[PDB]
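One line per chain: the protein sequences are S and R, in this order.
Following the UniProt record's numbering, the numbering of the first sequence begins with 2 at its first residue and continues without gaps.
Following the UniProt record's numbering, the numbering of the second sequence begins with 52 at its first residue and continues without gaps.
Virtual Cβ for every residue (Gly too), placed ideally from N, Cα, C.
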Amino acid sequence: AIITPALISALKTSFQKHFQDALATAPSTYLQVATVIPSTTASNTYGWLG
Amino acid sequence: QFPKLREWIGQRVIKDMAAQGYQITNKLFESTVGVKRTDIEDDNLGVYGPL
């Protein structure tokens, strides 16, 4: 019956992870407005003919 | 076109048709560009390839 309130009153709990990943983040969208051009050096120079 | 049919007035009248024509003469066109050969030779990038 009688017991310190720092052992039983502390350990009478059940940890659950329902709250984990409850919310999300905005989906990727840069694909719809940009192309992917891989690079192999410090910079990329572009040139086109008129 | 043939003349319109009309009521005979007492003596039939000879009419005539109207034919015409239209002529068009050919025209000659040109478009050209000049480039130094060294630029093409020094074209490792390939800028002048789509010419």
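As assigned by DSSP and simplified to three states, the class of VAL86/R: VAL86/R sits in coil when the DSSP states are folded into three classes, being neither helix nor strand.
If we ignore side chains and look at the alpha-carbon of each, how far apart do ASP93/R and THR36/S end up? Going from the Cα of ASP93/R to the Cα of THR36/S covers about 30 Å.
From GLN52/R to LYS78/R, what does the alpha carbon distance come to, in whole angstroms? Distance between the alpha carbons of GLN52/R and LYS78/R: 34 Å.
Could you list which residues in chain S have their beta carbon closer than 7 Å to that of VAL98/R, in chain order? Simply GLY48 and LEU50.
Identify whether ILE91/R lies in helix, strand or coil by the three-state DSSP scheme. The answer is helix: DSSP assigns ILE91/R an H, G or I state.
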